[PDB]
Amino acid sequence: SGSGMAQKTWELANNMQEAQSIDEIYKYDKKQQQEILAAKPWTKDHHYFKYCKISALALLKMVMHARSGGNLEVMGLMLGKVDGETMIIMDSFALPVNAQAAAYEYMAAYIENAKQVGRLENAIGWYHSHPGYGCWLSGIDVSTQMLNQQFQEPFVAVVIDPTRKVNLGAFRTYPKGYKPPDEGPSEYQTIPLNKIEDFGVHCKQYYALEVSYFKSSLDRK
């Protein structure tokens, strides 16, 4: 008696509670992100961030863009958020002249599209390719990333080599005049002779983040 109607109501309750849960999670993430963004811990610690988690969707799009330029460098922007000492990259878009209003209005539509599925994301960094010479920051890249870690903070610099296996680097510049201790050669990389000077000189003005990769529930399609 009312067994059929009970099943429908139970399904409806299950669906209504999922939506409410999604909204609650988004709102908790938003306030938790507004907390750290107003706190700015990265301004005091210079080795604050240590990890970079990249979604398979963001990697797919970045590698596709990188390949499309062939021998020529390519760049774009990354969407994500902060989680303690970890920079999370969830999505990315290619770049791209009156003004870069397009790069600003694209960014807003990605955040909005993600909001609909209950995903909290914002501009977290920039990516670019080094076709054939490896993952590191050139002198021009270090000057760019130092300025980014002033005006665009929190901001990460991803470098992809689409020619040679999983050749991706995630980096953070140190501030002008900051002398850090210890040694950081980590993984060995074969870079050309005509780039080794630019490499070795600036190779201490920044550091590498520990890159990890993840597939989200939404990043399965």
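Quick note: we count residues from 1 along the sequence shown, nothing fancier.
S.K.: In at least a third of the other compared PDB entries, does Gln189 have no coordinates?
M.R.: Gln189: unmodelled in at least a third of the other compared entries.
S.K.: Decide, for the other PDB entries of this protein that were compared, whether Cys203 is missing from at least a third of their models.
M.R.: Result for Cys203: often missing, at least a third of the compared entries.
S.K.: According to the entry, how many residues of the deposited sequence fall between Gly139 and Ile140 and are not modelled? Options: none, 1 to 3, 4 to 9, 10 or more.
M.R.: Missing in between: none.
S.K.: From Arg164 on to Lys165, does the model leave out none, 1 to 3, 4 to 9, or 10 or more residues of the deposited sequence?
M.R.: 4 to 9 residues are missing.
S.K.: Mean CA temperature factor from the deposited coordinates, higher in 109 to 117 or in 86 to 94?
M.R.: In the deposited entry, the stretch with the higher C-alpha B-factor mean is 109 to 117.
S.K.: With respect to the recorded C-alpha B factors, which stretch has the higher mean value, 35 to 43 or 174 to 182?
M.R.: Stretch with the higher mean C-alpha B-factor: 174 to 182.
S.K.: Take the CA temperature factors straight from the PDB entry and tell me which of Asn194, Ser55, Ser68, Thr190 peaks.
M.R.: Across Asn194, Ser55, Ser68, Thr190, the entry lists the biggest C-alpha B-factor for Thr190.
S.K.: Could you place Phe155 in the lowest, middle or highest third of its chain by Cα temperature factor, using the values in the record?
M.R.: Its C-alpha B-factor belongs to the lowest third of this chain's values.
S.K.: Splitting the chain's C-alpha B-factors into thirds, which one does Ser129 fall into?
M.R.: Bottom third by C-alpha B-factor.
S.K.: By the recorded C-alpha temperature factor, relative to the other modelled residues in its chain, which third is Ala103 in?
M.R.: For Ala103, whose C-alpha B-factor we compare with every modelled residue in the chain, the answer is the highest third.
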